[PDB]
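Dumped upload_2.cif below, it's mmCIF, C-alpha atoms:
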data_run
loop_
_atom_site.group_PDB
_atom_site.id
_atom_site.type_symbol
_atom_site.label_atom_id
_atom_site.label_comp_id
_atom_site.auth_asym_id
_atom_site.auth_seq_id
_atom_site.Cartn_x
_atom_site.Cartn_y
_atom_site.Cartn_z
ATOM 1 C CA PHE A 925 -27.715 -177.613 -60.882
ATOM 2 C CA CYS A 926 -28.629 -176.398 -64.371
ATOM 3 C CA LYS A 927 -29.085 -178.557 -67.491
ATOM 4 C CA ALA A 928 -28.045 -175.905 -69.984
ATOM 5 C CA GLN A 929 -27.607 -178.589 -72.677
ATOM 6 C CA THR A 930 -30.364 -176.802 -74.622
ATOM 7 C CA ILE A 931 -27.393 -175.019 -76.190
ATOM 8 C CA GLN A 932 -26.091 -178.354 -77.436
ATOM 9 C CA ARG A 933 -29.221 -179.141 -79.436
ATOM 10 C CA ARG A 934 -29.040 -175.791 -81.216
ATOM 11 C CA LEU A 935 -25.346 -176.468 -81.822
ATOM 12 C CA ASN A 936 -26.050 -179.668 -83.756
ATOM 13 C CA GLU A 937 -28.926 -177.928 -85.541
ATOM 14 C CA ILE A 938 -26.532 -175.329 -86.919
ATOM 15 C CA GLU A 939 -23.790 -177.788 -87.855
ATOM 16 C CA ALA A 940 -26.144 -179.925 -89.924
ATOM 17 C CA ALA A 941 -27.661 -176.813 -91.496
ATOM 18 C CA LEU A 942 -24.172 -175.569 -92.385
ATOM 19 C CA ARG A 943 -22.970 -178.948 -93.674
ATOM 20 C CA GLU A 944 -26.148 -178.938 -95.752
ATOM 21 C CA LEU A 945 -25.726 -175.342 -96.932
ATOM 22 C CA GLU A 946 -22.139 -176.316 -97.745
ATOM 23 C CA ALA A 947 -23.563 -179.046 -99.958
ATOM 24 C CA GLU A 948 -26.551 -176.976 -101.102
ATOM 25 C CA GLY A 949 -24.166 -174.213 -102.157
ATOM 26 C CA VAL A 950 -22.127 -176.678 -104.230
ATOM 27 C CA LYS A 951 -25.111 -177.895 -106.257
ATOM 28 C CA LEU A 952 -25.940 -174.192 -106.586
ATOM 29 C CA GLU A 953 -22.570 -173.463 -108.214
ATOM 30 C CA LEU A 954 -23.308 -176.148 -110.852
ATOM 31 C CA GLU A 964 -29.988 -166.103 -118.814
ATOM 32 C CA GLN A 965 -32.990 -165.018 -116.659
ATOM 33 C CA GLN A 966 -32.743 -168.101 -114.411
ATOM 34 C CA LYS A 967 -29.142 -166.832 -114.161
ATOM 35 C CA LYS A 968 -30.166 -163.697 -112.225
ATOM 36 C CA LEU A 969 -32.017 -166.091 -109.879
ATOM 37 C CA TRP A 970 -29.180 -168.573 -109.247
ATOM 38 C CA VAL A 971 -27.212 -165.331 -108.737
ATOM 39 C CA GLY A 972 -29.274 -163.923 -105.873
ATOM 40 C CA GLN A 973 -29.857 -167.312 -104.236
ATOM 41 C CA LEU A 974 -26.126 -167.872 -103.704
ATOM 42 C CA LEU A 975 -25.548 -164.617 -101.832
ATOM 43 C CA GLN A 976 -28.619 -165.624 -99.826
ATOM 44 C CA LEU A 977 -26.849 -168.834 -98.775
ATOM 45 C CA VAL A 978 -23.815 -166.962 -97.459
ATOM 46 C CA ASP A 979 -25.761 -164.505 -95.296
ATOM 47 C CA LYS A 980 -27.359 -167.546 -93.618
ATOM 48 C CA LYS A 981 -23.948 -169.107 -93.011
ATOM 49 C CA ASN A 982 -22.614 -165.879 -91.529
ATOM 50 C CA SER A 983 -25.643 -165.732 -89.251
ATOM 51 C CA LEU A 984 -25.213 -169.380 -88.277
ATOM 52 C CA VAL A 985 -21.469 -168.988 -87.718
ATOM 53 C CA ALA A 986 -22.052 -165.788 -85.747
ATOM 54 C CA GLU A 987 -24.556 -167.570 -83.515
ATOM 55 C CA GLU A 988 -22.297 -170.631 -83.372
ATOM 56 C CA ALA A 989 -19.339 -168.606 -82.079
ATOM 57 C CA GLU A 990 -21.457 -166.945 -79.390
ATOM 58 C CA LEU A 991 -22.655 -170.344 -78.195
ATOM 59 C CA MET A 992 -19.159 -171.820 -78.136
ATOM 60 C CA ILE A 993 -17.958 -168.867 -76.117
ATOM 61 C CA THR A 994 -20.874 -169.606 -73.780
ATOM 62 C CA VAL A 995 -19.752 -173.248 -73.771
ATOM 63 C CA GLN A 996 -16.146 -172.454 -72.848
ATOM 64 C CA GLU A 997 -17.504 -170.143 -70.148
ATOM 65 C CA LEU A 998 -19.556 -172.927 -68.578
ATOM 66 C CA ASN A 999 -16.559 -175.229 -69.064
ATOM 67 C CA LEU A 1000 -14.242 -173.135 -66.894
ATOM 68 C CA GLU A 1001 -17.118 -172.452 -64.484
ATOM 69 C CA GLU A 1002 -17.413 -176.201 -63.818
ATOM 70 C CA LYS A 1003 -13.644 -176.737 -63.356
ATOM 71 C CA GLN A 1004 -13.758 -173.719 -60.998
ATOM 72 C CA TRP A 1005 -16.147 -175.051 -58.343
ATOM 73 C CA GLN A 1006 -14.426 -178.462 -58.517
ATOM 74 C CA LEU A 1007 -11.273 -176.738 -57.177
ATOM 75 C CA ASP A 1008 -12.921 -174.100 -54.989
ATOM 76 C CA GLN A 1009 -13.778 -177.049 -52.741
ATOM 77 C CA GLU A 1010 -10.159 -178.198 -52.997
ATOM 78 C CA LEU A 1011 -8.904 -174.809 -51.764
ATOM 79 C CA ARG A 1012 -11.475 -174.838 -48.951
ATOM 80 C CA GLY A 1013 -9.953 -178.139 -47.820
ATOM 81 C CA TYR A 1014 -6.619 -176.590 -46.851
ATOM 82 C CA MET A 1015 -7.670 -173.275 -45.292
ATOM 83 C CA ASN A 1016 -10.901 -174.667 -43.822
ATOM 84 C CA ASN A 1020 -3.958 -175.336 -39.224
ATOM 85 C CA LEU A 1021 -0.257 -176.264 -39.306
ATOM 86 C CA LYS A 1022 -0.227 -178.450 -42.418
ATOM 87 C CA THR A 1023 2.952 -179.692 -44.083
ATOM 88 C CA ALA A 1024 4.776 -176.916 -45.949
ATOM 89 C CA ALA A 1025 4.192 -179.128 -48.997
ATOM 90 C CA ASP A 1026 0.482 -178.750 -48.231
ATOM 91 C CA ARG A 1027 1.200 -174.999 -48.636
ATOM 92 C CA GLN A 1028 3.029 -175.331 -51.963
ATOM 93 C CA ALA A 1029 0.056 -177.301 -53.304
ATOM 94 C CA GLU A 1030 -2.374 -174.635 -52.084
ATOM 95 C CA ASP A 1031 -0.077 -172.185 -53.883
ATOM 96 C CA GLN A 1032 -0.390 -174.187 -57.114
ATOM 97 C CA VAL A 1033 -4.194 -174.212 -56.766
ATOM 98 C CA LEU A 1034 -4.242 -170.409 -56.611
ATOM 99 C CA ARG A 1035 -2.060 -169.783 -59.667
ATOM 100 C CA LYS A 1036 -4.580 -171.911 -61.570
ATOM 101 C CA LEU A 1037 -7.613 -170.039 -60.211
ATOM 102 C CA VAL A 1038 -6.104 -166.758 -61.497
ATOM 103 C CA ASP A 1039 -5.490 -168.480 -64.829
ATOM 104 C CA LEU A 1040 -9.289 -168.877 -65.029
ATOM 105 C CA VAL A 1041 -10.092 -165.252 -64.158
ATOM 106 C CA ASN A 1042 -7.852 -164.198 -67.026
ATOM 107 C CA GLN A 1043 -9.819 -166.647 -69.167
ATOM 108 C CA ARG A 1044 -13.143 -165.280 -67.963
ATOM 109 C CA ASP A 1045 -11.595 -161.841 -68.426
ATOM 110 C CA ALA A 1046 -11.041 -162.745 -72.093
ATOM 111 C CA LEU A 1047 -14.299 -164.511 -72.971
ATOM 112 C CA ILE A 1048 -16.128 -161.522 -71.506
ATOM 113 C CA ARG A 1049 -14.232 -159.145 -73.749
ATOM 114 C CA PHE A 1050 -14.865 -161.535 -76.641
ATOM 115 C CA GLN A 1051 -18.584 -161.139 -75.933
ATOM 116 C CA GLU A 1052 -18.069 -157.400 -75.486
ATOM 117 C CA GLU A 1053 -15.738 -156.894 -78.457
ATOM 118 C CA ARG A 1054 -18.151 -158.960 -80.579
ATOM 119 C CA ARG A 1055 -21.276 -156.966 -79.698
ATOM 120 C CA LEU A 1056 -19.236 -153.813 -80.375
ATOM 121 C CA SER A 1057 -18.392 -154.604 -83.997
ATOM 122 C CA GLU A 1058 -22.144 -154.975 -84.568
ATOM 123 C CA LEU A 1059 -22.463 -151.214 -84.055
#
When written as C-alpha cells, how does the structure in this file appear?
Amino acid sequence: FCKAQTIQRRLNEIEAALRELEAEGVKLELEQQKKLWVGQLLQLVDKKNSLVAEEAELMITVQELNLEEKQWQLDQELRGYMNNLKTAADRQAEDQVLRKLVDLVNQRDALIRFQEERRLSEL
C-alpha cells in the first residue's frame, strides 16, 4: 500500500502553469521596453521546457505504476492455477496469462530505457 498520488497534485500544478504560460505568452506577443519584452519571452519557453521535461518524467512514472498495479492483479491469477490436473483449457488460459506478463516486462523494459535514454541526453 502506497498513496503515491502526490505525483498527481504536481501534475495538475504543471498543467495549470502551462495553460497559464500558454496564455501569458500570448499577451506577451501582443524600443527599450522592446529589449525587455524580448528577454521575457525566451524566459517563458525555458520554463515550459522545464515543466514539460518534468511532466514527461512523471507520466513515465505514472505508466510504470499503472503496469505495476495490473501486474499484481494477475500474479494472483497465475498463482491460482499452479498453486493439479486441471482442464487443458485451464492450461491454455494460464498460457494466455503468461504471454501478457511478458508483454509487461517489455513495457517495463522500455519505460526504463526511456528514463535511461532521457537522463543520457542531459549529458
Could you check how far CA of residue 925 in chain A sits from CA of residue 1034 in chain A, in Å to one decimal?
24.9 Å
If you take all atoms listed in the file and a cut-off of 12 Å, which residues of range 977-1023 of chain A touch range 1042-1048 of chain A, and what are their nearest atom pairs and distances in Å to one decimal, in chain and number order, as CSV?
residue,atom,partner,partner_atom,distance
A:989,CA,A:1047,CA,11.2
A:990,CA,A:1047,CA,9.9
A:991,CA,A:1047,CA,11.5
A:992,CA,A:1047,CA,10.2
A:993,CA,A:1047,CA,6.5
A:994,CA,A:1047,CA,8.4
A:995,CA,A:1047,CA,10.3
A:996,CA,A:1047,CA,8.2
A:997,CA,A:1044,CA,6.9
A:998,CA,A:1044,CA,10.0
A:999,CA,A:1044,CA,10.6
A:1000,CA,A:1044,CA,8.0
A:1001,CA,A:1044,CA,8.9
A:1004,CA,A:1044,CA,11.0
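Note that the spacing between CA of residue 939 in chain A and CA of residue 968 in chain A amounts to 28.9 Å.
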Give as a PyMOL selection string the residues that the PyMOL selection byres ((chain A and resi 952-954) around 12) matches when applied to the coordinates above.
chain A and resi 944-951+967+969-978
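A straight line drawn from CA of residue 1049 in chain A to CA of residue 927 in chain A is 25.2 Å long.
Among the candidates A:942, A:1011, A:1055, A:1040, the residue lying nearest to residue 1028 in chain A is A:1011 (atoms considered: only C-alpha atoms).
Distances here use all atoms listed in the file; by that measure, the residue among A:1022, A:1003, A:1012, A:943 closest to residue 985 in chain A is A:943.
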Distance query residue 938 in chain A at most 9 Å, all atoms listed in the file, self and fewer than 2 positions along chain excluded, as a list in words
residues 933, 934, 935, 936, 940, 941, 942, 943, 984, 985, 987 and 988 of chain A
Can you report as JSON the centre and edge lengths in Å, to one decimal, of an axis-aligned box around the listed atoms of range 998-1006 of chain A padded with 5 Å on each side?
{"center_x": -16.6, "center_y": -175.5, "center_z": -63.7, "size_x": 15.9, "size_y": 16.0, "size_z": 20.7}
